[PDB]
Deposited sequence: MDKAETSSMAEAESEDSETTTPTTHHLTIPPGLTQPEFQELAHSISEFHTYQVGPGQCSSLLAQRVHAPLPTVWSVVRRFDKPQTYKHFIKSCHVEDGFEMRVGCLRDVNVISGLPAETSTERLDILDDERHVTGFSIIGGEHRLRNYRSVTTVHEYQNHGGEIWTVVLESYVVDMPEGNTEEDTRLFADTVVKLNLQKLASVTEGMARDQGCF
C-alpha cells in the first residue's frame, strides 16, 4: 500500500520550470500504490501543437494505433462508445503471432484532459498494467506549447528485475509519446 514519492525528481523530457507548474498534477494523477511485486514510472513529452489538437488524439480509446507503435489493429464493440468501462481488443505486433491485449477504459475526462486504462486480459509479461495520461498547456512568457504526462504501475514478472521491467515499459511509452508529438505537431503546423 506504499505510495510513489514521484513529484520530487524531474522526469527527463521536462525542463525545471515546467516541472514546477506540474508538481500538483503529478501528485494528483501520476502517483500510485506500488510496493509488493510492483513498479511504476512517469514519463514526459513536450508537444508543439495546440492542446485541443493533442487531446483530440489522446482521447480516442478506439484508435490507439494512431499514436502507438506495434498495434496490428484495435477492435472495440459495435455497442460501445467513448466511455468508462468500454473495452477494446488490441492486436499486437511482436515476435509471436497470436498476441492480443484486452484493455478497459478506466478514466476519461474531456475537461481536465485526463485519460487512463488497465490491461484486463491477454498474454504478456506486463500483468496488472494500469496507466494514466494527462495533457497540460504551457505558456512561457510567449510561445505556448502542450505537455503530455504518462505514468503506469505494473506487476513485476517473476524472475524479471524491477529495472528490466520499467526499462522496457519506459521505452514503449517514450516512443508512443514521440509518435503522438509528431502526428499532432503535423496537424498543427497545417492550420
Stretches with no C-alpha position, numbering per deposited sequence from 1 = 1-19, 161, 212-214
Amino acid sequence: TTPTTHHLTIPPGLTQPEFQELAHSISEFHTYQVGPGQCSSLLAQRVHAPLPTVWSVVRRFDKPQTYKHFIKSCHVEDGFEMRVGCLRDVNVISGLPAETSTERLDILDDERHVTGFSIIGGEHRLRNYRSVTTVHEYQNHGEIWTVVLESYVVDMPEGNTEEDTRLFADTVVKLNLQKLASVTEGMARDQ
From here on, numbers count along this sequence of modelled residues.
For the higher mean C-alpha B factor in the entry, choose 75-83 or 111-119.
-> 75-83
Looking only at CA atoms, which has the higher mean B factor in the entry: 123-131 or 50-58?
-> 123-131
Identity of residue with top Cα B-factor, from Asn160, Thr146, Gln65, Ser40 = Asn160
By the entry's values, the third containing the CA B factor of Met156 is the highest
Of the three thirds of its chain by CA temperature factor, lowest, middle or highest, which one includes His30?
-> middle
Chain-wide C-alpha B factor ranking for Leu14, given as lowest, middle or highest third | middle
Grab the CA temperature factor for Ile93 from the record and place it in the lowest, middle or highest third of its chain.
-> lowest
